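Below: the structure, in structure tokens.
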Amino acid sequence: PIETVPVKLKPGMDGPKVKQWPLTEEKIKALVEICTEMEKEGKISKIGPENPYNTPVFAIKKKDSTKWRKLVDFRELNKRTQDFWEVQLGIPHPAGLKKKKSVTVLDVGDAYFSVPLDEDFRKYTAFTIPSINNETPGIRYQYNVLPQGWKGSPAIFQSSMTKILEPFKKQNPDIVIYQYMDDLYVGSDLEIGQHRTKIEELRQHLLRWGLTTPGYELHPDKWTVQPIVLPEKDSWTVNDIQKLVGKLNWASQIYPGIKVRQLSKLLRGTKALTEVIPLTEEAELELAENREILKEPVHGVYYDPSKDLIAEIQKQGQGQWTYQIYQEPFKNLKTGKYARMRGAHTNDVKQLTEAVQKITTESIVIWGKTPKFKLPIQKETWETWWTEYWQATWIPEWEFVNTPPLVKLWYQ
Amino acid sequence: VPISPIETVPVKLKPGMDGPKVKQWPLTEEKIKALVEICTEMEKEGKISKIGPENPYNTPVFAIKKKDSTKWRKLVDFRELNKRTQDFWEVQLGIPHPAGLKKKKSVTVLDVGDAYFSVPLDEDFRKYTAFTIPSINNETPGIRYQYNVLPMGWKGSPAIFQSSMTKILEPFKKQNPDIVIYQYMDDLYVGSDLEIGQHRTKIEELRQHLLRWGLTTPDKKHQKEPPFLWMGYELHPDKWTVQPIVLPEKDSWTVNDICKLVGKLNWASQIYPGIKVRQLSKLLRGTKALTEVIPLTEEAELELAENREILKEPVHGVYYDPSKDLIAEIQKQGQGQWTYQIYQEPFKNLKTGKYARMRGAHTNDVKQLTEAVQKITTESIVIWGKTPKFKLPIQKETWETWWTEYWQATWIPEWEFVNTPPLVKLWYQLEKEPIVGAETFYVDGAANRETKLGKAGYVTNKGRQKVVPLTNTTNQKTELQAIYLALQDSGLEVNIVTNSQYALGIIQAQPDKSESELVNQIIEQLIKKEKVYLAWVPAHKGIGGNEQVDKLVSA
DNA sequence: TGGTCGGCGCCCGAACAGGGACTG
DNA sequence: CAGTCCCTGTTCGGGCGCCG
Ligand SMILES: Nc1ncnc2c1ncn2[C@H]1C[C@H](O)[C@@H](COP(=O)(O)OP(=O)(O)OP(=O)(O)O)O1
Ligand SMILES: OC[C@H]1O[C@@](CO)(O[C@H]2O[C@H](CO)[C@@H](O)[C@H](O)[C@H]2O)[C@@H](O)[C@@H]1O
Ligand SMILES: [Mg+2]
Ligand SMILES: [Mg+2]
């Protein structure tokens with residue numbers, strides 16, 4: 001007996017109709033067990049083909065969890081409700097979260113199951129469970145409460161959420177707390193022990209309200225950037241200077257102060273690539289000045305809350321991956337590199353999956369948004385394996401690119 | 001007043017739209033006889049009801065003879081009613097494969113009598129069914145009828161039946177957790193490890209359960225005894241095979257001929273190893289009339305010959321043993337053709353298949369093998385819910401060299417090398433660093449957008465030079481041509497500097513095959529080299545050799 | 001006679017997206 | 001600084017095979 005906040009799709013827009021993809025035996029068994037308890041608890045109830053809407057479902061294990069977690073891919077539904085959360089009930093983003101020495105992430109999705117869901121909206125949460133070898137037709141469900149991974153669930157629950165938060169917020173007025181989807185981000189500058197302790201107290205607050213909590217520890221102040229860097233060589237071959245001029249020429253699309261003239265002067269003839277070229281004094285200084293400009297920040301790059309974040313990733317090899325986050329081309333809000341991630345030197349898809357997860361997390365902490373990824377992978381390759389390695393409760397938007405590397409700008 | 005048997009499914013029309021109206025077909029009197037007897041029979045059951053002209057809806061009707069039977073099948077063309085009926089979400093997510101089935105001591109295959117006609121249609125929606133009956137003459141009007149039950153040819157029939165059937169089935173399944181029931185439309189496959197007498201007890205008891213909801217399983221299509229006929233397969237206690245496939249014998253082939261042929265051979269390739277459709281499909285590309293006659297090349301003929309000979313010997317697959325591993329082995333068949341076998345015990349196949357898809361204008365065997373592995377993995381997960389271990393005709397070091405060096409993320413799941421030739425390899429490797437003592441060719445080409453005329457040429461550190469005129473070309477084609485020239489005119493080791501990103505992108509992905517003959521010739525030369533270093537510089541930067549060759553080809 | 005529905009598979013071609021290079 | 005043209009790759013609907 002609680003009022004159900006009415007929910008509407010964006011205007012002139014129809015519900016998600018997205019085919020369910022094949023699932024492994026372990027994932028189907030996990031979902032069947034999860035859903036059956038959910039049906040008995042009344043969170044979901046079976047439905048039929050009259051409901052034309054469907055969203056894909058699968059299961060994941062969080063890092064070190066060993067326990068199956070139901071994950072619904074609501075990306076299509078969320079875009080069709082996109083106006084609702086941003087315009088009306090959106091959570092504000094604490095610009096201070098990225099500055100905290102430690103930030104812990106808690107899965108509070110279970111709480112959303114408390115509140116019920118608008119009777120008129122439930123038709124859009126439909127998801128089908130497949131069977132191995134198609135022994136059975138699809139077992140369809142729909143949600144009676146606030147679904148985990150929908151963008152309405154934190155927004156509608158925010159009024160309830162803040163009241164539960166309000167005692168703890170007043171007992172620790174400098175601890176920053178942020179809510180993105182099923183997760184609670186809790187940052188503090190305390191020492192490690194105090195921080196983890198304070199985390200338990202927040203867990204107790206949820207417990208008395210009746211929400212079970214199963215957390216990731218971040219350190220946004222540790223987070224660094226990966227600037228463009230020019231090599232350091234005792235002697236320079238023609239090929240070396242040719243590589244350098246092309247890099248610099250591309251870099252000049254970002255830092256307009258780059259100059260190649262004095263370095264081009266070294267290439268004047270028609271020379272063998274391995275011929276050694278001494279650098280002139282004028283080139284040495286031009287190369288010096290450039291190395292400084294690349295330390296500098298780009299002119300007039302700032303975040304625009306209206307624009308979308310775009311993330312690009314490059315596979316550098318030997319387990320090394322570089323990324324840039326931006327909104328307008330060549331104006332990069334952040335650039336970074338990852339190395340020695342899980343699956344390094346054995347599995348590219350696992351490494352790409354990890355990197356996507358890390359980058360998304362950083363963007364949530366920093367801008368409170370997930371970027372749209374440009375993924376350096378074939379579409380068929382990614383779709384086959386990505387769910388195997390996914391350990392997160394959200395799913396960003398992505399697209400697939402094939403751009404071979406004319407220049408190694410981002411990584412030496 | 002009629003009667004209600006099992007729970008119905010609400011079915012609205014699409015909003016602001018109204019029921020079907022369209023006049024009946026000029027049905028031949030011979031067909032007309034069959035419907036009248038059946039339709040009158042339905043009314044006594046309560047499947048159908050008469051309607052006064054207060055029902056202003058008409059939709060055509062026809063019928064086809066039941067295959068392998070004297071009976072006739074009764075189809076209501078609902079194309080306009082579908083158009084205006086609400087969309088459903090199909091619950092049929094695929095087709096069951098026999099290789100998925102575990103071995104069962106006792107198996108029963110039984111069919112439901114009049115499947116769609118035992119399932120009530122939505123009460124409010126019943127009005128839209130209306131169709132006009134026909135007579136031997138045009139004098140007698142014929143009665144108007146509205147279905148009280150799901151009708152064949154509606155776009156909502158399959159999903160409603162499948163969802164309704166599962167709801168009826170579920171209570172029984174919960175009661176008997178150890179029975180396997182494969183439910184596909186109205187065909188039910190029941191398997192148990194119960195001894196045959198006990199199994200039939202459950203089988204009959206299941207028949208009673210379906211009876212309670214008005215679902216009738218006649219003895220007429222009840223299979224107590226092997227070999228069972230199920231989903232186009234013949235099921236035996238320890239093995240299965242496809243029901244025999246007849247390939248047309250025609251001496252002269254039309255277009256429609258090859259399509260049927262091709263589509264049969266694809267069905268055959270799930271068990272028969274090594275089926276090849278490449279050359280038979282070559283005959284179908286860019287043809288106008290389905291009726292048009294087409295002659296078979298000596299390629300499509302030879303192919304078709306070995307395809308028929310494979311069918312000569314009977315083959316069979318086995319069933320799935322969850323205890324043992326799944327194994328997929330792949331062979332390269334040439335011309336972008338791959339076949340594979342999935343098995344558990346050596347030489348006892350669960351199923352076979354082929355991957356022939358040509359993806360990309362320029363590609364290599366390693367990319368295609370990766371594609372075939374992915375297709376097998378997804379197929380395996382559907383049938384068995386797990387990924388097979390892979391046996392691949394590619395050296396462990398070849399794969400390591402490819403994937404580490406490629407700029408795209410690529411991966412193959414757990415696999416081992418099998419030394420069955422032809423082995424898959426990279427035909428050439430580009431050097432990471434410039435080659436000392438090798439001649440450096442600065443290459444470029446340009447072409448005039450209007451004339452389609454162009455030049456391709458190179459300049460080198462030794463002073464070697466060439467420029468060649470070309471006709472009916474493009475900038476892209478001349479940049480490739482420039483590279484081809486440097487390869488032709490160079491020794492076994494050569495450094496090439498281009499400003500063409502297009503060409504560099506093609507070549508760096510180590511293609512061994514291309515739709516472009518020019519790229520094939522470049523490949524041909526790359527394979528003959530000992531060392532090639534390709535490097536890129538930006539055009540119009542006044543750099544070195546590149547500027548000079550740029551002037552020559554621009555002229 | 002020619003004619004319905006849903007599912008899955010293949011191979012095809014056409015229509016569409018988008019990224020560089022070059023043209024004014 | 002737009003507007004093309006190349007060239008490539010994706011999508012989608014058509015035919016057929018197969019199952020109800
Ligand atoms: N060619 C078709 N067109 C439309 N629907 C079909 C067609 N074939 C089969 N179906 C549907 C309707 C049937 O009720 C259901 C089962 O097929 P089927 O068993 O062959 O006929 P049937 O069950 O109605 O008669 P029977 O029990 O005597 O075989 O699948
Ligand atoms: O990966 C693309 C592929 O994913 C699907 C279904 O999973 O679409 C989902 O992912 C897209 C890319 O993020 C979203 O834009 C879309 O909303 C979501 O349904 C397929 O539709 C698509 O082919
Ligand atoms: Mg039947
Ligand atoms: Mg040029």
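Residues in the structure tokens are numbered from 1 in each chain, the chains being A, B, ... in the order shown, and ligands are numbered from 1 in the order shown.
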*Environment of ligand 1 within 6 Å, counting only C-alpha atoms (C1' of nucleotides) and all ligand atoms, reported as an MDAnalysis selection string*: (chainID B and resid 112:116 152:153 186) or (chainID C and resid 5) or (chainID D and resid 20)
Writer output for current selection, N, CA, C and O atoms (P, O5', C5', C4', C3', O3' and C1' of nucleotides), as a JSON list (two decimals), in the first residue's frame:
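Saved result, selection21.json, follows:
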```
[["chain", "number", "residue", "atom", "x", "y", "z"],
["B", 112, "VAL", "N", -0.63, -33.38, -30.50],
["B", 112, "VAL", "CA", -1.93, -32.90, -30.04],
["B", 112, "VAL", "C", -2.90, -32.87, -31.22],
["B", 112, "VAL", "O", -2.56, -32.43, -32.32],
["B", 113, "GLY", "N", -4.12, -33.35, -30.97],
["B", 113, "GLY", "CA", -5.17, -33.30, -31.98],
["B", 113, "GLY", "C", -5.76, -31.91, -32.11],
["B", 113, "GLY", "O", -6.17, -31.31, -31.11],
["B", 114, "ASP", "N", -5.85, -31.41, -33.35],
["B", 114, "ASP", "CA", -6.37, -30.08, -33.65],
["B", 114, "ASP", "C", -5.84, -29.03, -32.68],
["B", 114, "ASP", "O", -6.57, -28.57, -31.78],
["B", 115, "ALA", "N", -4.58, -28.64, -32.86],
["B", 115, "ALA", "CA", -3.87, -27.88, -31.83],
["B", 115, "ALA", "C", -4.45, -26.48, -31.66],
["B", 115, "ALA", "O", -4.88, -26.10, -30.56],
["B", 116, "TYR", "N", -4.46, -25.69, -32.74],
["B", 116, "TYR", "CA", -4.99, -24.33, -32.64],
["B", 116, "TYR", "C", -6.47, -24.32, -32.31],
["B", 116, "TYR", "O", -6.96, -23.38, -31.67],
["B", 152, "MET", "N", -5.91, -20.91, -37.68],
["B", 152, "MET", "CA", -4.69, -20.94, -38.48],
["B", 152, "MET", "C", -4.59, -19.83, -39.52],
["B", 152, "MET", "O", -5.55, -19.55, -40.25],
["B", 153, "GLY", "N", -3.43, -19.18, -39.57],
["B", 153, "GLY", "CA", -3.20, -18.05, -40.43],
["B", 153, "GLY", "C", -3.28, -16.71, -39.74],
["B", 153, "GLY", "O", -2.93, -15.69, -40.36],
["B", 186, "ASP", "N", 2.66, -28.10, -31.00],
["B", 186, "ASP", "CA", 1.87, -29.16, -30.39],
["B", 186, "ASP", "C", 2.60, -30.49, -30.29],
["B", 186, "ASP", "O", 2.07, -31.43, -29.69],
["C", 5, "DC", "P", 1.12, -14.57, -43.90],
["C", 5, "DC", "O5'", 1.18, -15.30, -42.47],
["C", 5, "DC", "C5'", 0.25, -14.94, -41.46],
["C", 5, "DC", "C4'", 0.51, -15.73, -40.19],
["C", 5, "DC", "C3'", 1.96, -15.80, -39.78],
["C", 5, "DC", "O3'", 2.33, -14.63, -39.06],
["C", 5, "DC", "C1'", 1.00, -17.96, -39.66],
["D", 20, "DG", "P", 7.54, -31.61, -37.66],
["D", 20, "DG", "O5'", 6.43, -31.08, -36.64],
["D", 20, "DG", "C5'", 5.70, -29.90, -36.93],
["D", 20, "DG", "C4'", 5.65, -28.98, -35.73],
["D", 20, "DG", "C3'", 4.29, -28.85, -35.08],
["D", 20, "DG", "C1'", 4.78, -26.90, -36.34]]
```
_Could you work out which residues of chain A fall inside 12 Å of chain D? Count only C-alpha atoms (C1' of nucleotides), and format the result as a PyMOL selection string._
chain A and resi 378-379+400-403
Could you write out that same residue set with C-alpha atoms as a PDB file, in the first residue's frame?
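Everything below was put into out-v9.pdb:
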```
ATOM      1  CA  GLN A 378      34.790  -6.608 -34.329  1.00  0.00           C
ATOM      2  CA  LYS A 379      31.104  -6.569 -33.418  1.00  0.00           C
ATOM      3  CA  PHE A 400      32.481  -0.691 -32.992  1.00  0.00           C
ATOM      4  CA  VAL A 401      35.356   0.849 -34.963  1.00  0.00           C
ATOM      5  CA  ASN A 402      38.193  -0.460 -37.091  1.00  0.00           C
ATOM      6  CA  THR A 403      40.845   2.267 -37.398  1.00  0.00           C
TER       7      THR A 403
END
```
*Which residues come within 8 Å of segment 50-66 of chain A, counting only C-alpha atoms (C1' of nucleotides), excluding same-chain residues fewer than 2 positions away, as a PyMOL selection string?*
(chain A and resi 15-21+23+27-28+30-31+47-48+68-74+76-77+123-129+387-388+390-392) or (chain B and resi 9-11+86-89)
*Can you check which residues of segment 475-543 of chain B DSSP gives as helix (DSSP H, G or I) on the backbone and send them as an MDAnalysis selection string?*
chainID B and resid 475:488 501:508 517:528
Using N, CA and C atoms, can you write the selected residues to a file as a compact mmCIF listing (two decimals), in the first residue's frame?
```txt
# COMPACT_ATOMS: atom_id res chain seq x y z
N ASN B 475 42.24 7.94 -57.03
CA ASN B 475 43.38 8.23 -56.16
C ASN B 475 43.75 7.00 -55.33
N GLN B 476 42.76 6.36 -54.72
CA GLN B 476 43.01 5.14 -53.95
C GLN B 476 43.73 4.09 -54.80
N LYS B 477 43.22 3.83 -56.01
CA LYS B 477 43.80 2.80 -56.86
C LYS B 477 45.23 3.13 -57.26
N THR B 478 45.55 4.41 -57.44
CA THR B 478 46.91 4.77 -57.83
C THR B 478 47.87 4.67 -56.66
N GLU B 479 47.39 4.94 -55.44
CA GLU B 479 48.24 4.80 -54.26
C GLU B 479 48.62 3.34 -54.05
N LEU B 480 47.67 2.43 -54.24
CA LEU B 480 48.00 1.01 -54.25
C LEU B 480 48.98 0.68 -55.37
N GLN B 481 48.71 1.20 -56.57
CA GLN B 481 49.56 0.94 -57.73
C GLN B 481 51.00 1.35 -57.47
N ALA B 482 51.20 2.56 -56.94
CA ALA B 482 52.53 3.01 -56.53
C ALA B 482 53.23 1.98 -55.65
N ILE B 483 52.51 1.40 -54.69
CA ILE B 483 53.12 0.40 -53.81
C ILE B 483 53.46 -0.86 -54.60
N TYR B 484 52.53 -1.31 -55.44
CA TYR B 484 52.79 -2.45 -56.32
C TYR B 484 54.06 -2.23 -57.15
N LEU B 485 54.25 -1.01 -57.66
CA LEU B 485 55.44 -0.72 -58.46
C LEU B 485 56.71 -0.87 -57.64
N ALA B 486 56.72 -0.32 -56.42
CA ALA B 486 57.90 -0.42 -55.57
C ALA B 486 58.24 -1.87 -55.27
N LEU B 487 57.22 -2.71 -55.09
CA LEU B 487 57.46 -4.12 -54.80
C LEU B 487 58.02 -4.85 -56.01
N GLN B 488 57.42 -4.61 -57.19
CA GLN B 488 57.94 -5.20 -58.42
C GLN B 488 59.40 -4.85 -58.65
N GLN B 501 46.82 6.45 -46.26
CA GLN B 501 46.31 5.69 -45.12
C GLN B 501 45.46 4.51 -45.60
N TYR B 502 44.67 4.73 -46.66
CA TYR B 502 43.87 3.67 -47.27
C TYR B 502 44.71 2.43 -47.55
N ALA B 503 45.78 2.59 -48.33
CA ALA B 503 46.60 1.45 -48.71
C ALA B 503 47.28 0.83 -47.49
N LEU B 504 47.86 1.66 -46.63
CA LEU B 504 48.54 1.16 -45.43
C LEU B 504 47.60 0.35 -44.55
N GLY B 505 46.35 0.79 -44.43
CA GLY B 505 45.39 0.04 -43.63
C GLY B 505 45.08 -1.34 -44.18
N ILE B 506 44.89 -1.43 -45.50
CA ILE B 506 44.67 -2.73 -46.13
C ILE B 506 45.86 -3.66 -45.87
N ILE B 507 47.07 -3.17 -46.10
CA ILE B 507 48.23 -4.06 -46.13
C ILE B 507 48.65 -4.47 -44.72
N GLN B 508 48.49 -3.58 -43.73
CA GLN B 508 48.93 -3.90 -42.38
C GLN B 508 48.11 -5.02 -41.75
N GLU B 517 41.74 -7.39 -57.63
CA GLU B 517 42.86 -8.11 -58.23
C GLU B 517 44.17 -7.38 -57.98
N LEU B 518 44.13 -6.05 -57.90
CA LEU B 518 45.35 -5.28 -57.65
C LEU B 518 45.94 -5.61 -56.29
N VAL B 519 45.08 -5.72 -55.27
CA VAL B 519 45.55 -6.11 -53.94
C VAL B 519 46.11 -7.52 -53.95
N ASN B 520 45.44 -8.44 -54.66
CA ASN B 520 45.97 -9.80 -54.80
C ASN B 520 47.38 -9.79 -55.37
N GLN B 521 47.64 -8.93 -56.35
CA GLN B 521 48.98 -8.85 -56.93
C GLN B 521 49.98 -8.29 -55.93
N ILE B 522 49.56 -7.29 -55.15
CA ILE B 522 50.40 -6.78 -54.06
C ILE B 522 50.71 -7.90 -53.07
N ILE B 523 49.68 -8.66 -52.69
CA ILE B 523 49.89 -9.83 -51.82
C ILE B 523 50.93 -10.76 -52.43
N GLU B 524 50.73 -11.12 -53.70
CA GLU B 524 51.66 -11.99 -54.42
C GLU B 524 53.11 -11.54 -54.26
N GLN B 525 53.36 -10.23 -54.33
CA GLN B 525 54.72 -9.71 -54.19
C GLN B 525 55.20 -9.73 -52.74
N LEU B 526 54.34 -9.31 -51.81
CA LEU B 526 54.67 -9.35 -50.39
C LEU B 526 55.12 -10.74 -49.95
N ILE B 527 54.43 -11.78 -50.42
CA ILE B 527 54.82 -13.15 -50.09
C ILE B 527 56.21 -13.48 -50.61
N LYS B 528 56.60 -12.92 -51.76
CA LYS B 528 57.91 -13.23 -52.32
C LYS B 528 59.05 -12.48 -51.64
```
_Which residues are near residue 377 of chain A? Cut-off 10 Å, only C-alpha atoms (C1' of nucleotides), ignore same chain within fewer than 2 positions. Put them as an MDAnalysis selection string._
(chainID A and resid 313:315 348:349 352 374:375 379:383 399:403) or (chainID B and resid 407:410)
Selected residues, N, CA, C and O atoms, written as a PDB file, in the first residue's frame, please.
```pdb
ATOM      1  N   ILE A 313      39.160   3.872 -27.193  1.00  0.00           N
ATOM      2  CA  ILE A 313      40.193   2.993 -26.659  1.00  0.00           C
ATOM      3  C   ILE A 313      41.079   2.532 -27.808  1.00  0.00           C
ATOM      4  O   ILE A 313      40.586   2.249 -28.906  1.00  0.00           O
ATOM      5  N   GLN A 314      42.387   2.454 -27.558  1.00  0.00           N
ATOM      6  CA  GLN A 314      43.327   1.834 -28.482  1.00  0.00           C
ATOM      7  C   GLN A 314      44.059   0.680 -27.811  1.00  0.00           C
ATOM      8  O   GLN A 314      44.435   0.766 -26.637  1.00  0.00           O
ATOM      9  N   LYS A 315      44.260  -0.397 -28.567  1.00  0.00           N
ATOM     10  CA  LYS A 315      45.030  -1.551 -28.107  1.00  0.00           C
ATOM     11  C   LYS A 315      46.491  -1.293 -28.458  1.00  0.00           C
ATOM     12  O   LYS A 315      46.898  -1.427 -29.615  1.00  0.00           O
ATOM     13  N   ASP A 348      42.271 -10.725 -24.990  1.00  0.00           N
ATOM     14  CA  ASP A 348      42.015  -9.335 -25.367  1.00  0.00           C
ATOM     15  C   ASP A 348      40.617  -8.880 -24.957  1.00  0.00           C
ATOM     16  O   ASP A 348      40.443  -7.744 -24.495  1.00  0.00           O
ATOM     17  N   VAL A 349      39.611  -9.742 -25.120  1.00  0.00           N
ATOM     18  CA  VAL A 349      38.237  -9.346 -24.815  1.00  0.00           C
ATOM     19  C   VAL A 349      38.057  -9.115 -23.319  1.00  0.00           C
ATOM     20  O   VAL A 349      37.402  -8.150 -22.903  1.00  0.00           O
ATOM     21  N   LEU A 352      39.658  -5.783 -22.679  1.00  0.00           N
ATOM     22  CA  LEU A 352      38.817  -4.697 -23.165  1.00  0.00           C
ATOM     23  C   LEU A 352      37.596  -4.521 -22.272  1.00  0.00           C
ATOM     24  O   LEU A 352      37.175  -3.392 -22.000  1.00  0.00           O
ATOM     25  N   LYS A 374      33.714   3.805 -28.167  1.00  0.00           N
ATOM     26  CA  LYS A 374      34.109   3.367 -29.499  1.00  0.00           C
ATOM     27  C   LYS A 374      35.079   2.209 -29.307  1.00  0.00           C
ATOM     28  O   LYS A 374      36.220   2.413 -28.878  1.00  0.00           O
ATOM     29  N   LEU A 375      34.631   0.995 -29.628  1.00  0.00           N
ATOM     30  CA  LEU A 375      35.407  -0.166 -29.205  1.00  0.00           C
ATOM     31  C   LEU A 375      36.260  -0.693 -30.345  1.00  0.00           C
ATOM     32  O   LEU A 375      35.740  -0.932 -31.445  1.00  0.00           O
ATOM     33  N   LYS A 379      32.374  -6.503 -34.137  1.00  0.00           N
ATOM     34  CA  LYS A 379      31.104  -6.569 -33.418  1.00  0.00           C
ATOM     35  C   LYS A 379      30.783  -7.997 -32.991  1.00  0.00           C
ATOM     36  O   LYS A 379      30.322  -8.228 -31.867  1.00  0.00           O
ATOM     37  N   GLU A 380      31.003  -8.964 -33.884  1.00  0.00           N
ATOM     38  CA  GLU A 380      30.706 -10.358 -33.567  1.00  0.00           C
ATOM     39  C   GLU A 380      31.593 -10.871 -32.439  1.00  0.00           C
ATOM     40  O   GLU A 380      31.139 -11.637 -31.580  1.00  0.00           O
ATOM     41  N   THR A 381      32.867 -10.468 -32.433  1.00  0.00           N
ATOM     42  CA  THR A 381      33.791 -10.900 -31.387  1.00  0.00           C
ATOM     43  C   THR A 381      33.355 -10.396 -30.017  1.00  0.00           C
ATOM     44  O   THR A 381      33.360 -11.148 -29.036  1.00  0.00           O
ATOM     45  N   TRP A 382      32.979  -9.118 -29.932  1.00  0.00           N
ATOM     46  CA  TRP A 382      32.597  -8.535 -28.649  1.00  0.00           C
ATOM     47  C   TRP A 382      31.327  -9.175 -28.099  1.00  0.00           C
ATOM     48  O   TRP A 382      31.258  -9.522 -26.915  1.00  0.00           O
ATOM     49  N   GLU A 383      30.305  -9.324 -28.945  1.00  0.00           N
ATOM     50  CA  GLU A 383      29.011  -9.820 -28.484  1.00  0.00           C
ATOM     51  C   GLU A 383      29.084 -11.269 -28.014  1.00  0.00           C
ATOM     52  O   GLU A 383      28.350 -11.661 -27.100  1.00  0.00           O
ATOM     53  N   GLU A 399      29.829   1.430 -29.586  1.00  0.00           N
ATOM     54  CA  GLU A 399      29.832   1.170 -31.016  1.00  0.00           C
ATOM     55  C   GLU A 399      31.184   0.565 -31.362  1.00  0.00           C
ATOM     56  O   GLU A 399      32.120   0.588 -30.559  1.00  0.00           O
ATOM     57  N   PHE A 400      31.292   0.033 -32.572  1.00  0.00           N
ATOM     58  CA  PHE A 400      32.481  -0.691 -32.992  1.00  0.00           C
ATOM     59  C   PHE A 400      33.187   0.055 -34.115  1.00  0.00           C
ATOM     60  O   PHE A 400      32.542   0.530 -35.056  1.00  0.00           O
ATOM     61  N   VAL A 401      34.509   0.163 -33.997  1.00  0.00           N
ATOM     62  CA  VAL A 401      35.356   0.849 -34.963  1.00  0.00           C
ATOM     63  C   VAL A 401      36.446  -0.109 -35.418  1.00  0.00           C
ATOM     64  O   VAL A 401      36.846  -1.019 -34.683  1.00  0.00           O
ATOM     65  N   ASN A 402      36.909   0.081 -36.651  1.00  0.00           N
ATOM     66  CA  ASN A 402      38.193  -0.460 -37.091  1.00  0.00           C
ATOM     67  C   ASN A 402      39.010   0.668 -37.713  1.00  0.00           C
ATOM     68  O   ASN A 402      38.791   1.043 -38.868  1.00  0.00           O
ATOM     69  N   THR A 403      39.951   1.205 -36.942  1.00  0.00           N
ATOM     70  CA  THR A 403      40.845   2.267 -37.398  1.00  0.00           C
ATOM     71  C   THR A 403      42.270   1.805 -37.128  1.00  0.00           C
ATOM     72  O   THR A 403      42.713   1.794 -35.966  1.00  0.00           O
TER      73      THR A 403
ATOM     74  N   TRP B 407      45.719  -4.757 -34.274  1.00  0.00           N
ATOM     75  CA  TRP B 407      45.297  -3.564 -33.552  1.00  0.00           C
ATOM     76  C   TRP B 407      43.900  -3.692 -32.966  1.00  0.00           C
ATOM     77  O   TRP B 407      43.512  -2.853 -32.147  1.00  0.00           O
ATOM     78  N   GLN B 408      43.141  -4.704 -33.369  1.00  0.00           N
ATOM     79  CA  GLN B 408      41.822  -4.968 -32.817  1.00  0.00           C
ATOM     80  C   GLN B 408      41.897  -6.065 -31.763  1.00  0.00           C
ATOM     81  O   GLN B 408      42.714  -6.984 -31.855  1.00  0.00           O
ATOM     82  N   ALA B 409      41.037  -5.954 -30.751  1.00  0.00           N
ATOM     83  CA  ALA B 409      40.881  -7.044 -29.798  1.00  0.00           C
ATOM     84  C   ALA B 409      40.343  -8.276 -30.513  1.00  0.00           C
ATOM     85  O   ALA B 409      39.309  -8.217 -31.185  1.00  0.00           O
ATOM     86  N   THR B 410      41.043  -9.396 -30.362  1.00  0.00           N
ATOM     87  CA  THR B 410      40.576 -10.663 -30.904  1.00  0.00           C
ATOM     88  C   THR B 410      40.991 -11.776 -29.955  1.00  0.00           C
ATOM     89  O   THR B 410      42.024 -11.685 -29.283  1.00  0.00           O
TER      90      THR B 410
END
```
*Can you list, as a VMD selection string, all residues belonging to segment 98-162 of chain B that DSSP tags as strand (DSSP E or B)?*
chain B and resid 102 106 to 111 113 120 131 to 132 144 to 147 149
*Using only C-alpha atoms (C1' of nucleotides), find the residues of chain B whose closest atom to chain C is at most 10 Å away, then write them as JSON, numbers by chain.*
{"B": [25, 26, 27, 28, 60, 61, 62, 63, 74, 75, 76, 77, 78, 79, 82, 90, 91, 92, 93, 94, 95, 96, 151, 152, 153, 154, 155, 156, 157, 158, 159, 185, 259, 262, 263, 264, 265, 266, 267, 277, 278, 281, 282, 284, 285, 286, 287, 355, 356, 357, 448, 449, 475, 476, 500, 501, 502]}
*Identify all chain A residues at most 6 Å from chain B by counting only C-alpha atoms; ligands do not count. Present them as a list in words.*
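Here they are: residues 22, 24, 25, 49, 50, 52, 132, 133, 134, 135, 136, 137, 138, 246, 267, 268, 269, 270, 271, 272, 274, 315, 348, 376, 377 and 404 of chain A.
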Env of residue 80 of chain B: 7 Å cut, atoms = only C-alpha atoms (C1' of nucleotides), seq-sep filter 3 positions within chain, self excluded. Answer as a PDB file with C-alpha atoms, in the first residue's frame.
```pdb
ATOM      1  CA  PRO B  20     -10.927  -6.823 -41.547  1.00  0.00           C
ATOM      2  CA  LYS B  83      -1.688  -5.704 -40.320  1.00  0.00           C
ATOM      3  CA  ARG B  84      -4.245  -4.229 -37.900  1.00  0.00           C
TER       4      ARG B  84
END
```
*Environment of ligand 4 within 6 Å, counting only C-alpha atoms (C1' of nucleotides) and all ligand atoms, reported as a PyMOL selection string*: chain B and resi 444-446+550
